[PDB]
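Data first, discussion second: the structure below is written as structure tokens.
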Amino acid sequence: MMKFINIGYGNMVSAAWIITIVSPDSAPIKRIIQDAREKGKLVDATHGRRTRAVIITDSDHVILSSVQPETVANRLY
Amino acid sequence: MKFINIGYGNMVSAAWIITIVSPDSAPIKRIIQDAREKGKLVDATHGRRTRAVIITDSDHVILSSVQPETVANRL
Amino acid sequence: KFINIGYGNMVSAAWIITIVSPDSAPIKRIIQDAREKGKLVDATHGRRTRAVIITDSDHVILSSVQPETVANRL
Amino acid sequence: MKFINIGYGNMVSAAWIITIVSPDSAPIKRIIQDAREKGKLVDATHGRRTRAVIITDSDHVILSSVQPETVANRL
Amino acid sequence: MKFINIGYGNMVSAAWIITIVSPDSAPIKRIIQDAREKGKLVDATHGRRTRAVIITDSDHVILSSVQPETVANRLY
Amino acid sequence: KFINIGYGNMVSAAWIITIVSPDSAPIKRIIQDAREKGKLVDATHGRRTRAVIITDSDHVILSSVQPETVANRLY
Amino acid sequence: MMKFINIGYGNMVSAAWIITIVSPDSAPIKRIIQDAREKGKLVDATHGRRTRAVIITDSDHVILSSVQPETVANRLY
């Protein structure tokens, strides 16, 4: 088990503060992203690639990753 | 143990769950629409029927296609 | 960690601030203040309210189960 | 030691108590009055006294009929 | 311990204290009047001389008759 | 607990949410949001920004070391 | 390891609540300091001396200390 998790391309997220990791497959989650981008709380760490996991933290930040949600929690190890 | 699979690969951190309840009551459908309004509704049912509603500490309301007991024992 | 408060509904113990009897407060005011801010959680499933669970983040959760028996389930 | 019975079956979680104080101070009587006004008051003193004022996080205020040192002793 | 006696039976949980400072300076007495107005002041001196100001996570300020480096000593 | 992010400045690892590369374009709004709002802490101390540390109090801290350097210095 | 850190002239700070400890060099912190001074979440534990470290806590308190930042951090233990 690691405190910080690689979410791709060197960007790190603390596991202690993750609320949820979800797929971008729905409409309510696209609104979560747009609401985040509007409030300046969106953190885009796909570095260009297709977004595959959406990380929501306590501080109401939304973090976009290029890896799969099962993979993210796995990288906790 | 820390991250819980609530259906279709969607993960939730057990450290932040306040409560898990049944969808089968009118007050709790109001909680769901109250969550869409403040932009705090996360739908993880992947299109299926809602069977557990997860309320986190950040006031997020998360919708799961899995029974509450199943979520509880997946800790 | 998780405590069954009746009818399958779970509350995480780590976030409960207080558990209070409906005879022992201006409960109707605490409850109606909770619905007003949209933080009322009804897990009585039609039965009578017998324990009121205040959590951090100001959620208020109605349970049909006796207060101290909820505590004993720790 | 986690949960405490402070009066008539009313429970408080020790991890969320900020301070247990004695009554008979002017500022705390405004804290009690402010919380009673603001809805965050929990009265466990069925009359007969008030000997401890319990302040938790999220400014919930709780009145108990036994001395603060006793309230702490129940840990 | 978990809870600290700060004078005359009044307790503070160590986990919620942010800072304990001397009363002897101008900036702190504005903190106190600020809290006294907004009703987040807790007076636990039982009338005696104010020698430490405790600032907790809920923005409460708690006045104690005991000295700051004594209050920290009662932790362990 | 306490990590040196360069030139004497410390950050407590328990309050970091994310550590991001200054490459990602949307963060530059994140930095200007903090700098304008007075929540920005610049510890690059003249040098070039190599990691952006975001904390729970919505503080944004600029550091001159790699995000991998910040996370690794935990140990 | 200890919970309370002596930051000068008897003033204590709980380590659990510290977010960051920084040098007074940066002109962005003077705005942070000066924001907190008028706003009334500033604590001045310098006892009149020159400011050597700025402690930023959870709940947005800004605590000014007269010792160096490495000094506050190493005095944890």
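Letters A, B, ... go to the chains of the structure tokens in the order shown; residues in each chain start at 1; ligands are counted from 1 in the same order.
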*Please provide as a PyMOL selection string all residues within 9 Å of region 2-17 of chain E, with the sequence filter that same-chain residues fewer than 3 positions apart are discarded (counting only C-alpha atoms).*
(chain D and resi 14-22+57+67-69+72) or (chain E and resi 20+44-46+54-58+62+64-66+71-72+74-75) or (chain G and resi 3+13-14+16-17)
Pull N, CA, C and O atoms from the residues just selected and write them as a short mmCIF file (atom, residue, chain, number, x, y, z; two decimals), in the first residue's frame.
data_model
loop_
_atom_site.label_atom_id
_atom_site.label_comp_id
_atom_site.auth_asym_id
_atom_site.auth_seq_id
_atom_site.Cartn_x
_atom_site.Cartn_y
_atom_site.Cartn_z
N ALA D 14 -16.98 10.48 21.48
CA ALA D 14 -15.87 11.22 22.09
C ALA D 14 -14.96 11.88 21.06
O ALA D 14 -14.40 12.95 21.32
N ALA D 15 -14.81 11.27 19.88
CA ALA D 15 -13.88 11.79 18.88
C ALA D 15 -14.33 13.12 18.30
O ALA D 15 -13.54 13.79 17.62
N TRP D 16 -15.58 13.52 18.52
CA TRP D 16 -16.07 14.78 17.98
C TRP D 16 -16.30 15.82 19.07
O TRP D 16 -16.82 16.90 18.77
N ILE D 17 -15.93 15.54 20.31
CA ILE D 17 -16.07 16.55 21.35
C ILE D 17 -14.87 17.48 21.30
O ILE D 17 -13.72 17.04 21.38
N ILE D 18 -15.14 18.78 21.17
CA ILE D 18 -14.07 19.78 21.29
C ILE D 18 -13.79 20.15 22.74
O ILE D 18 -12.65 20.07 23.19
N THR D 19 -14.81 20.52 23.51
CA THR D 19 -14.58 20.93 24.88
C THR D 19 -15.81 20.67 25.74
O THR D 19 -16.94 20.83 25.28
N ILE D 20 -15.56 20.26 26.99
CA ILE D 20 -16.60 20.11 28.00
C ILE D 20 -16.39 21.20 29.03
O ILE D 20 -15.35 21.22 29.70
N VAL D 21 -17.37 22.09 29.18
CA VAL D 21 -17.19 23.25 30.03
C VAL D 21 -18.30 23.33 31.07
O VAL D 21 -19.40 22.81 30.86
N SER D 22 -18.00 23.99 32.19
CA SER D 22 -18.96 24.27 33.24
C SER D 22 -19.86 25.43 32.83
O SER D 22 -19.40 26.39 32.22
N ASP D 57 -17.80 19.39 17.20
CA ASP D 57 -17.61 19.94 15.86
C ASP D 57 -18.97 20.15 15.18
O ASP D 57 -19.97 19.51 15.52
N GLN D 67 -21.16 16.61 36.32
CA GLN D 67 -20.00 17.49 36.28
C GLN D 67 -19.12 17.14 35.08
O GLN D 67 -19.10 15.99 34.64
N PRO D 68 -18.42 18.13 34.51
CA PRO D 68 -17.50 17.82 33.39
C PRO D 68 -16.49 16.72 33.70
O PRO D 68 -16.30 15.82 32.87
N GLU D 69 -15.85 16.75 34.87
CA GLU D 69 -14.88 15.71 35.21
C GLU D 69 -15.53 14.33 35.18
O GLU D 69 -14.89 13.35 34.77
N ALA D 72 -15.87 13.39 31.45
CA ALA D 72 -14.59 12.89 30.96
C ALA D 72 -14.27 11.52 31.54
O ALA D 72 -13.63 10.69 30.88
N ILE E 20 -1.91 27.32 20.82
CA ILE E 20 -2.05 27.84 22.17
C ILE E 20 -1.07 28.99 22.28
O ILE E 20 0.15 28.79 22.13
N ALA E 44 -13.02 29.87 30.34
CA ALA E 44 -12.81 28.77 31.29
C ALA E 44 -11.84 29.15 32.41
O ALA E 44 -11.29 28.26 33.07
N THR E 45 -11.61 30.44 32.63
CA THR E 45 -10.74 30.86 33.72
C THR E 45 -11.42 30.85 35.08
O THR E 45 -10.73 30.95 36.10
N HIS E 46 -12.76 30.74 35.12
CA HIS E 46 -13.52 30.80 36.36
C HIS E 46 -13.20 32.07 37.14
O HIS E 46 -13.10 32.07 38.37
N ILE E 54 -6.57 29.34 23.79
CA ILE E 54 -6.61 28.14 22.97
C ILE E 54 -7.52 28.40 21.78
O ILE E 54 -8.66 28.85 21.94
N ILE E 55 -7.00 28.15 20.58
CA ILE E 55 -7.75 28.31 19.34
C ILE E 55 -7.97 26.93 18.75
O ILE E 55 -7.01 26.27 18.32
N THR E 56 -9.23 26.51 18.65
CA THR E 56 -9.58 25.19 18.14
C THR E 56 -9.98 25.23 16.67
O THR E 56 -10.16 26.29 16.07
N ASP E 57 -10.19 24.02 16.12
CA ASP E 57 -10.50 23.87 14.70
C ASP E 57 -11.83 24.50 14.33
O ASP E 57 -12.00 24.94 13.19
N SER E 58 -12.78 24.56 15.26
CA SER E 58 -14.08 25.18 14.98
C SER E 58 -14.06 26.70 15.12
O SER E 58 -15.14 27.31 15.17
N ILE E 62 -10.67 29.57 23.52
CA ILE E 62 -10.92 29.13 24.88
C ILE E 62 -9.87 29.77 25.77
O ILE E 62 -8.66 29.56 25.56
N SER E 64 -7.90 30.22 29.23
CA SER E 64 -7.52 29.37 30.34
C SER E 64 -6.63 30.14 31.29
O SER E 64 -5.90 31.05 30.88
N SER E 65 -6.70 29.80 32.58
CA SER E 65 -5.85 30.46 33.55
C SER E 65 -4.44 29.90 33.56
O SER E 65 -3.52 30.56 34.06
N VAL E 66 -4.24 28.71 33.00
CA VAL E 66 -2.96 28.03 32.97
C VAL E 66 -2.09 28.54 31.82
O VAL E 66 -2.59 29.02 30.79
N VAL E 71 -0.04 23.73 29.54
CA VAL E 71 -1.15 23.07 28.86
C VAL E 71 -0.63 21.96 27.95
O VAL E 71 -1.19 20.86 27.91
N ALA E 72 0.43 22.24 27.19
CA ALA E 72 1.02 21.21 26.35
C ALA E 72 1.60 20.07 27.18
O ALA E 72 1.50 18.90 26.80
N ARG E 74 0.46 18.85 29.94
CA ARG E 74 -0.62 17.96 30.38
C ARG E 74 -1.09 17.01 29.28
O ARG E 74 -1.98 16.19 29.54
N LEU E 75 -0.58 17.14 28.05
CA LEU E 75 -0.88 16.15 27.02
C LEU E 75 -0.34 14.77 27.41
O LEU E 75 -1.07 13.77 27.36
N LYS G 3 2.96 15.91 19.60
CA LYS G 3 1.83 16.59 18.98
C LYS G 3 2.04 18.10 18.93
O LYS G 3 1.84 18.72 17.88
N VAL G 13 1.92 25.06 18.61
CA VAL G 13 1.09 24.74 17.45
C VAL G 13 0.98 23.22 17.30
O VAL G 13 2.00 22.52 17.27
N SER G 14 -0.25 22.73 17.16
CA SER G 14 -0.46 21.31 16.90
C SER G 14 0.06 20.96 15.51
O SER G 14 -0.23 21.65 14.53
N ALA G 16 -0.61 18.29 13.73
CA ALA G 16 -1.60 17.64 12.88
C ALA G 16 -2.30 18.62 11.96
O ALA G 16 -2.75 18.24 10.88
N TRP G 17 -2.42 19.88 12.39
CA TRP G 17 -3.19 20.86 11.64
C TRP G 17 -2.34 21.71 10.73
O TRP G 17 -2.90 22.56 10.02
#
Chain fit, chain A moved to chain G over all Cα pairs in order, as an mmCIF file with N, CA and C atoms, in the first residue's frame:
data_model
loop_
_atom_site.group_PDB
_atom_site.id
_atom_site.type_symbol
_atom_site.label_atom_id
_atom_site.label_comp_id
_atom_site.auth_asym_id
_atom_site.auth_seq_id
_atom_site.Cartn_x
_atom_site.Cartn_y
_atom_site.Cartn_z
ATOM 1 N N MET A 1 8.540 12.172 18.625
ATOM 2 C CA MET A 1 7.435 12.977 18.077
ATOM 3 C C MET A 1 6.433 13.549 19.104
ATOM 4 N N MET A 2 6.245 14.869 19.038
ATOM 5 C CA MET A 2 5.310 15.597 19.888
ATOM 6 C C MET A 2 4.116 16.098 19.080
ATOM 7 N N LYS A 3 2.923 16.072 19.688
ATOM 8 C CA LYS A 3 1.732 16.654 19.072
ATOM 9 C C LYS A 3 1.841 18.171 18.974
ATOM 10 N N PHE A 4 2.218 18.824 20.068
ATOM 11 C CA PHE A 4 2.343 20.272 20.100
ATOM 12 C C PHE A 4 3.802 20.673 19.987
ATOM 13 N N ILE A 5 4.043 21.753 19.247
ATOM 14 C CA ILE A 5 5.380 22.202 18.887
ATOM 15 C C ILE A 5 5.588 23.595 19.454
ATOM 16 N N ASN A 6 6.747 23.825 20.094
ATOM 17 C CA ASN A 6 7.033 25.162 20.600
ATOM 18 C C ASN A 6 7.311 25.988 19.358
ATOM 19 N N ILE A 7 6.608 27.088 19.147
ATOM 20 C CA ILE A 7 7.002 27.967 18.056
ATOM 21 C C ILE A 7 7.667 29.248 18.567
ATOM 22 N N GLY A 8 8.091 29.257 19.824
ATOM 23 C CA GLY A 8 8.765 30.406 20.384
ATOM 24 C C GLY A 8 7.995 31.083 21.497
ATOM 25 N N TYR A 9 8.687 31.373 22.598
ATOM 26 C CA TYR A 9 8.138 32.165 23.699
ATOM 27 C C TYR A 9 6.918 31.499 24.341
ATOM 28 N N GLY A 10 6.844 30.164 24.268
ATOM 29 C CA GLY A 10 5.789 29.398 24.904
ATOM 30 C C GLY A 10 4.557 29.130 24.055
ATOM 31 N N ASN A 11 4.410 29.799 22.913
ATOM 32 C CA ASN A 11 3.236 29.604 22.070
ATOM 33 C C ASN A 11 3.316 28.267 21.345
ATOM 34 N N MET A 12 2.192 27.546 21.315
ATOM 35 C CA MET A 12 2.138 26.176 20.814
ATOM 36 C C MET A 12 1.272 26.080 19.568
ATOM 37 N N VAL A 13 1.685 25.227 18.633
ATOM 38 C CA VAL A 13 0.877 24.887 17.469
ATOM 39 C C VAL A 13 0.790 23.373 17.355
ATOM 40 N N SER A 14 -0.411 22.870 17.070
ATOM 41 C CA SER A 14 -0.604 21.446 16.835
ATOM 42 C C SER A 14 -0.089 21.059 15.451
ATOM 43 N N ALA A 15 0.781 20.051 15.412
ATOM 44 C CA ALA A 15 1.339 19.606 14.142
ATOM 45 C C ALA A 15 0.277 19.005 13.238
ATOM 46 N N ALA A 16 -0.764 18.404 13.820
ATOM 47 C CA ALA A 16 -1.787 17.745 13.014
ATOM 48 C C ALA A 16 -2.486 18.706 12.058
ATOM 49 N N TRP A 17 -2.458 20.009 12.342
ATOM 50 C CA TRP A 17 -3.226 20.982 11.578
ATOM 51 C C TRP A 17 -2.359 21.893 10.726
ATOM 52 N N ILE A 18 -1.036 21.754 10.784
ATOM 53 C CA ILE A 18 -0.174 22.551 9.928
ATOM 54 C C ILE A 18 -0.311 22.065 8.488
ATOM 55 N N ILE A 19 -0.554 23.000 7.567
ATOM 56 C CA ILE A 19 -0.542 22.709 6.130
ATOM 57 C C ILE A 19 0.855 22.885 5.549
ATOM 58 N N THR A 20 1.481 24.015 5.867
ATOM 59 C CA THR A 20 2.715 24.433 5.235
ATOM 60 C C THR A 20 3.446 25.366 6.180
ATOM 61 N N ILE A 21 4.768 25.360 6.086
ATOM 62 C CA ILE A 21 5.604 26.335 6.769
ATOM 63 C C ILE A 21 6.530 26.931 5.722
ATOM 64 N N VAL A 22 6.460 28.249 5.532
ATOM 65 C CA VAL A 22 7.229 28.883 4.471
ATOM 66 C C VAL A 22 7.991 30.076 5.017
ATOM 67 N N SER A 23 9.035 30.445 4.284
ATOM 68 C CA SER A 23 9.800 31.650 4.543
ATOM 69 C C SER A 23 8.998 32.875 4.103
ATOM 70 N N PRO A 24 9.228 34.026 4.716
ATOM 71 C CA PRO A 24 8.497 35.227 4.289
ATOM 72 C C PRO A 24 9.102 35.872 3.047
ATOM 73 N N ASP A 25 9.872 35.131 2.257
ATOM 74 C CA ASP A 25 10.699 35.756 1.230
ATOM 75 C C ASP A 25 9.933 36.261 0.009
ATOM 76 N N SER A 26 8.650 35.944 -0.158
ATOM 77 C CA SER A 26 7.974 36.251 -1.414
ATOM 78 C C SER A 26 6.910 37.327 -1.229
ATOM 79 N N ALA A 27 6.369 37.781 -2.362
ATOM 80 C CA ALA A 27 5.242 38.708 -2.408
ATOM 81 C C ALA A 27 3.905 38.008 -2.158
ATOM 82 N N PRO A 28 3.620 36.850 -2.781
ATOM 83 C CA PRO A 28 2.348 36.176 -2.475
ATOM 84 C C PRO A 28 2.195 35.845 -1.001
ATOM 85 N N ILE A 29 3.288 35.564 -0.285
ATOM 86 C CA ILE A 29 3.131 35.283 1.131
ATOM 87 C C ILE A 29 2.850 36.560 1.924
ATOM 88 N N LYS A 30 3.332 37.718 1.470
ATOM 89 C CA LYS A 30 2.993 38.926 2.206
ATOM 90 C C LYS A 30 1.510 39.208 2.080
ATOM 91 N N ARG A 31 0.932 38.835 0.935
ATOM 92 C CA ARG A 31 -0.507 38.945 0.733
ATOM 93 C C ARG A 31 -1.262 37.941 1.594
ATOM 94 N N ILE A 32 -0.710 36.733 1.762
ATOM 95 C CA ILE A 32 -1.327 35.771 2.670
ATOM 96 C C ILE A 32 -1.432 36.366 4.067
ATOM 97 N N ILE A 33 -0.367 37.037 4.523
ATOM 98 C CA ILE A 33 -0.365 37.663 5.844
ATOM 99 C C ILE A 33 -1.365 38.810 5.905
ATOM 100 N N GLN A 34 -1.325 39.715 4.921
ATOM 101 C CA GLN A 34 -2.259 40.838 4.924
ATOM 102 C C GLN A 34 -3.699 40.347 4.848
ATOM 103 N N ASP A 35 -3.959 39.325 4.026
ATOM 104 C CA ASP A 35 -5.297 38.738 3.985
ATOM 105 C C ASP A 35 -5.684 38.157 5.336
ATOM 106 N N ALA A 36 -4.728 37.532 6.023
ATOM 107 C CA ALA A 36 -4.999 37.000 7.351
ATOM 108 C C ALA A 36 -5.286 38.119 8.348
ATOM 109 N N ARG A 37 -4.421 39.137 8.394
ATOM 110 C CA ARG A 37 -4.628 40.249 9.318
ATOM 111 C C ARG A 37 -5.976 40.925 9.078
ATOM 112 N N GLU A 38 -6.388 41.035 7.810
ATOM 113 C CA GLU A 38 -7.674 41.645 7.484
ATOM 114 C C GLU A 38 -8.847 40.819 7.993
ATOM 115 N N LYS A 39 -8.776 39.493 7.874
ATOM 116 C CA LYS A 39 -9.841 38.610 8.355
ATOM 117 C C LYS A 39 -9.713 38.268 9.834
ATOM 118 N N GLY A 40 -8.754 38.854 10.540
ATOM 119 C CA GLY A 40 -8.641 38.550 11.965
ATOM 120 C C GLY A 40 -8.227 37.121 12.227
ATOM 121 N N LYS A 41 -7.479 36.522 11.292
ATOM 122 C CA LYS A 41 -7.034 35.140 11.380
ATOM 123 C C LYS A 41 -5.516 35.054 11.488
ATOM 124 N N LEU A 42 -4.866 36.187 11.722
ATOM 125 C CA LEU A 42 -3.424 36.241 11.891
ATOM 126 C C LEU A 42 -3.086 36.110 13.367
ATOM 127 N N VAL A 43 -2.111 35.260 13.673
ATOM 128 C CA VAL A 43 -1.705 34.994 15.046
ATOM 129 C C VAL A 43 -0.216 35.318 15.116
ATOM 130 N N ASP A 44 0.136 36.434 15.760
ATOM 131 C CA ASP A 44 1.521 36.908 15.777
ATOM 132 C C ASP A 44 2.205 36.426 17.050
ATOM 133 N N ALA A 45 3.120 35.463 16.899
ATOM 134 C CA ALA A 45 3.851 34.879 18.017
ATOM 135 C C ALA A 45 5.351 35.135 17.922
ATOM 136 N N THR A 46 5.762 36.171 17.195
ATOM 137 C CA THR A 46 7.168 36.546 17.187
ATOM 138 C C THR A 46 7.582 37.252 18.471
ATOM 139 N N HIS A 47 6.612 37.742 19.247
ATOM 140 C CA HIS A 47 6.847 38.543 20.453
ATOM 141 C C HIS A 47 7.944 39.581 20.217
ATOM 142 N N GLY A 48 7.843 40.267 19.073
ATOM 143 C CA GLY A 48 8.688 41.384 18.720
ATOM 144 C C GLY A 48 9.824 41.056 17.766
ATOM 145 N N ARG A 49 10.293 39.811 17.755
ATOM 146 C CA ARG A 49 11.475 39.487 16.974
ATOM 147 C C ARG A 49 11.137 39.387 15.487
ATOM 148 N N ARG A 50 12.186 39.253 14.678
ATOM 149 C CA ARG A 50 12.026 39.198 13.232
ATOM 150 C C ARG A 50 11.349 37.899 12.816
ATOM 151 N N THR A 51 10.292 38.017 12.016
ATOM 152 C CA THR A 51 9.548 36.840 11.588
ATOM 153 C C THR A 51 10.402 36.000 10.647
ATOM 154 N N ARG A 52 10.539 34.711 10.959
ATOM 155 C CA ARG A 52 11.360 33.816 10.156
ATOM 156 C C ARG A 52 10.613 32.618 9.586
ATOM 157 N N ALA A 53 9.434 32.280 10.106
ATOM 158 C CA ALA A 53 8.633 31.202 9.542
ATOM 159 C C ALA A 53 7.170 31.610 9.549
ATOM 160 N N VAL A 54 6.440 31.196 8.516
ATOM 161 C CA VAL A 54 5.017 31.492 8.385
ATOM 162 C C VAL A 54 4.265 30.168 8.331
ATOM 163 N N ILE A 55 3.405 29.932 9.322
ATOM 164 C CA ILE A 55 2.696 28.668 9.474
ATOM 165 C C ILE A 55 1.256 28.865 9.038
ATOM 166 N N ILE A 56 0.788 27.997 8.144
ATOM 167 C CA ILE A 56 -0.574 28.028 7.624
ATOM 168 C C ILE A 56 -1.276 26.759 8.066
ATOM 169 N N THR A 57 -2.415 26.911 8.724
ATOM 170 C CA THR A 57 -3.172 25.772 9.216
ATOM 171 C C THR A 57 -4.410 25.541 8.359
ATOM 172 N N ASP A 58 -5.057 24.390 8.600
ATOM 173 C CA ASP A 58 -6.298 24.050 7.901
ATOM 174 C C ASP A 58 -7.328 25.156 8.068
ATOM 175 N N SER A 59 -7.478 25.665 9.283
ATOM 176 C CA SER A 59 -8.568 26.580 9.582
ATOM 177 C C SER A 59 -8.327 27.958 8.989
ATOM 178 N N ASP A 60 -7.392 28.062 8.030
ATOM 179 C CA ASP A 60 -7.065 29.332 7.360
ATOM 180 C C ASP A 60 -6.556 30.400 8.312
ATOM 181 N N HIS A 61 -5.968 29.951 9.409
ATOM 182 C CA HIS A 61 -5.183 30.812 10.265
ATOM 183 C C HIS A 61 -3.752 30.886 9.756
ATOM 184 N N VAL A 62 -3.133 32.044 9.942
ATOM 185 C CA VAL A 62 -1.736 32.243 9.592
ATOM 186 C C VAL A 62 -0.980 32.625 10.856
ATOM 187 N N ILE A 63 0.054 31.859 11.174
ATOM 188 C CA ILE A 63 0.768 31.989 12.433
ATOM 189 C C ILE A 63 2.207 32.353 12.121
ATOM 190 N N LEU A 64 2.676 33.444 12.711
ATOM 191 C CA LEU A 64 4.015 33.962 12.472
ATOM 192 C C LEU A 64 4.934 33.534 13.603
ATOM 193 N N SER A 65 6.047 32.905 13.248
ATOM 194 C CA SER A 65 7.005 32.414 14.223
ATOM 195 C C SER A 65 8.350 33.100 14.049
ATOM 196 N N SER A 66 9.145 33.048 15.111
ATOM 197 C CA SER A 66 10.478 33.624 15.092
ATOM 198 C C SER A 66 11.567 32.615 14.731
ATOM 199 N N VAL A 67 11.238 31.332 14.608
ATOM 200 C CA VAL A 67 12.232 30.299 14.369
ATOM 201 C C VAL A 67 12.220 29.952 12.874
ATOM 202 N N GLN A 68 13.212 29.165 12.442
ATOM 203 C CA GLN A 68 13.336 28.800 11.035
ATOM 204 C C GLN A 68 12.370 27.665 10.672
ATOM 205 N N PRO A 69 11.851 27.657 9.432
ATOM 206 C CA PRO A 69 10.917 26.584 9.028
ATOM 207 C C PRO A 69 11.467 25.171 9.151
ATOM 208 N N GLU A 70 12.732 24.949 8.799
ATOM 209 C CA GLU A 70 13.329 23.640 9.033
ATOM 210 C C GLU A 70 13.327 23.310 10.522
ATOM 211 N N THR A 71 13.591 24.310 11.365
ATOM 212 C CA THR A 71 13.553 24.102 12.809
ATOM 213 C C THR A 71 12.155 23.711 13.278
ATOM 214 N N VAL A 72 11.116 24.353 12.733
ATOM 215 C CA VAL A 72 9.753 24.069 13.182
ATOM 216 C C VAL A 72 9.430 22.598 12.985
ATOM 217 N N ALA A 73 9.653 22.098 11.768
ATOM 218 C CA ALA A 73 9.391 20.696 11.483
ATOM 219 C C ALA A 73 10.326 19.789 12.267
ATOM 220 N N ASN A 74 11.550 20.247 12.540
ATOM 221 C CA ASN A 74 12.447 19.468 13.387
ATOM 222 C C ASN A 74 11.888 19.311 14.794
ATOM 223 N N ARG A 75 11.291 20.374 15.342
ATOM 224 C CA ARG A 75 10.754 20.316 16.694
ATOM 225 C C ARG A 75 9.581 19.363 16.807
ATOM 226 N N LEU A 76 9.047 18.883 15.682
ATOM 227 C CA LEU A 76 8.249 17.668 15.735
ATOM 228 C C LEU A 76 9.053 16.533 16.352
ATOM 229 N N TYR A 77 10.339 16.406 15.981
ATOM 230 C CA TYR A 77 11.140 15.270 16.458
ATOM 231 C C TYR A 77 10.463 13.924 16.217
#
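CA of residue 32 (chain E) sits 24.7 Å away from CA of residue 38 (chain F).
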ask   = Hey, what does DSSP flag as strand (DSSP E) within chain E? Can you give it to me as a ChimeraX atom specification?
value = /E:3-5,11-13,17-21,41-43,52-56,61-64
Please, could you write that set of residues out with N, CA, C and O atoms as a compact mmCIF listing (two decimals), in the first residue's frame?
# COMPACT_ATOMS: atom_id res chain seq x y z
N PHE E 3 -8.31 14.01 26.43
CA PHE E 3 -8.83 15.27 26.95
C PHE E 3 -7.90 15.85 28.01
O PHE E 3 -7.37 15.12 28.85
N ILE E 4 -7.72 17.16 27.98
CA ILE E 4 -6.80 17.87 28.86
C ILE E 4 -7.60 18.75 29.80
O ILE E 4 -8.48 19.50 29.36
N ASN E 5 -7.32 18.64 31.10
CA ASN E 5 -7.85 19.58 32.08
C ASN E 5 -7.14 20.93 31.92
O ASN E 5 -5.92 21.01 32.02
N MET E 11 -12.42 20.79 30.18
CA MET E 11 -11.61 19.93 29.33
C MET E 11 -11.60 20.42 27.88
O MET E 11 -12.60 20.94 27.38
N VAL E 12 -10.46 20.23 27.22
CA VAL E 12 -10.35 20.39 25.78
C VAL E 12 -9.75 19.12 25.19
O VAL E 12 -8.80 18.56 25.74
N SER E 13 -10.32 18.66 24.09
CA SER E 13 -9.74 17.54 23.36
C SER E 13 -8.48 18.00 22.63
O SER E 13 -8.51 18.98 21.88
N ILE E 17 -7.24 21.13 19.05
CA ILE E 17 -6.50 22.37 19.30
C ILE E 17 -5.60 22.66 18.11
O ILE E 17 -4.90 21.77 17.61
N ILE E 18 -5.62 23.90 17.63
CA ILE E 18 -4.73 24.34 16.56
C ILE E 18 -3.50 25.03 17.12
O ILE E 18 -2.37 24.80 16.67
N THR E 19 -3.70 25.89 18.10
CA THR E 19 -2.59 26.70 18.59
C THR E 19 -2.94 27.17 19.99
O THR E 19 -4.13 27.33 20.32
N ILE E 20 -1.91 27.32 20.82
CA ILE E 20 -2.05 27.84 22.17
C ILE E 20 -1.07 28.99 22.28
O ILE E 20 0.15 28.79 22.13
N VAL E 21 -1.57 30.20 22.55
CA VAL E 21 -0.69 31.36 22.53
C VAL E 21 -0.86 32.17 23.80
O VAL E 21 -1.83 32.01 24.55
N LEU E 41 -16.46 32.62 21.80
CA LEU E 41 -15.54 32.67 22.92
C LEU E 41 -16.03 31.75 24.03
O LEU E 41 -17.23 31.70 24.34
N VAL E 42 -15.10 31.00 24.62
CA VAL E 42 -15.37 30.18 25.80
C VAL E 42 -14.44 30.65 26.90
O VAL E 42 -13.21 30.58 26.75
N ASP E 43 -15.02 31.13 28.00
CA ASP E 43 -14.24 31.60 29.14
C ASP E 43 -14.19 30.48 30.18
O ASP E 43 -15.21 30.18 30.83
N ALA E 52 -3.51 31.78 28.96
CA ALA E 52 -3.35 31.09 27.68
C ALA E 52 -4.64 31.22 26.89
O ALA E 52 -5.74 31.21 27.45
N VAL E 53 -4.49 31.35 25.58
CA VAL E 53 -5.61 31.39 24.65
C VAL E 53 -5.52 30.15 23.78
O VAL E 53 -4.51 29.94 23.10
N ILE E 54 -6.57 29.34 23.79
CA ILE E 54 -6.61 28.14 22.97
C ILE E 54 -7.52 28.40 21.78
O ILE E 54 -8.66 28.85 21.94
N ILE E 55 -7.00 28.15 20.58
CA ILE E 55 -7.75 28.31 19.34
C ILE E 55 -7.97 26.93 18.75
O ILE E 55 -7.01 26.27 18.32
N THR E 56 -9.23 26.51 18.65
CA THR E 56 -9.58 25.19 18.14
C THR E 56 -9.98 25.23 16.67
O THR E 56 -10.16 26.29 16.07
N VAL E 61 -12.36 30.14 20.57
CA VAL E 61 -11.21 30.54 21.37
C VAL E 61 -11.54 30.30 22.83
O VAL E 61 -12.60 30.72 23.32
N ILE E 62 -10.67 29.57 23.52
CA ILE E 62 -10.92 29.13 24.88
C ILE E 62 -9.87 29.77 25.77
O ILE E 62 -8.66 29.56 25.56
N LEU E 63 -10.32 30.54 26.75
CA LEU E 63 -9.43 31.25 27.65
C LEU E 63 -9.16 30.35 28.85
O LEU E 63 -10.10 29.78 29.42
N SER E 64 -7.90 30.22 29.23
CA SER E 64 -7.52 29.37 30.34
C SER E 64 -6.63 30.14 31.29
O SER E 64 -5.90 31.05 30.88
*Just list the residues in region 2-63 of chain C DSSP gives alpha helix (DSSP H) on the backbone, as a PyMOL selection string.*
chain C and resi 27-36
- Message: If the cut-off is 6 Å, can you tell me the residues of chain C near chain B, counting only C-alpha atoms? I'd like them as an NGL selection string.
- Response: :C and (9-12)
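Coordinates place CA of residue 68 (chain F) at a distance of 14.3 Å from CA of residue 23 (chain F).
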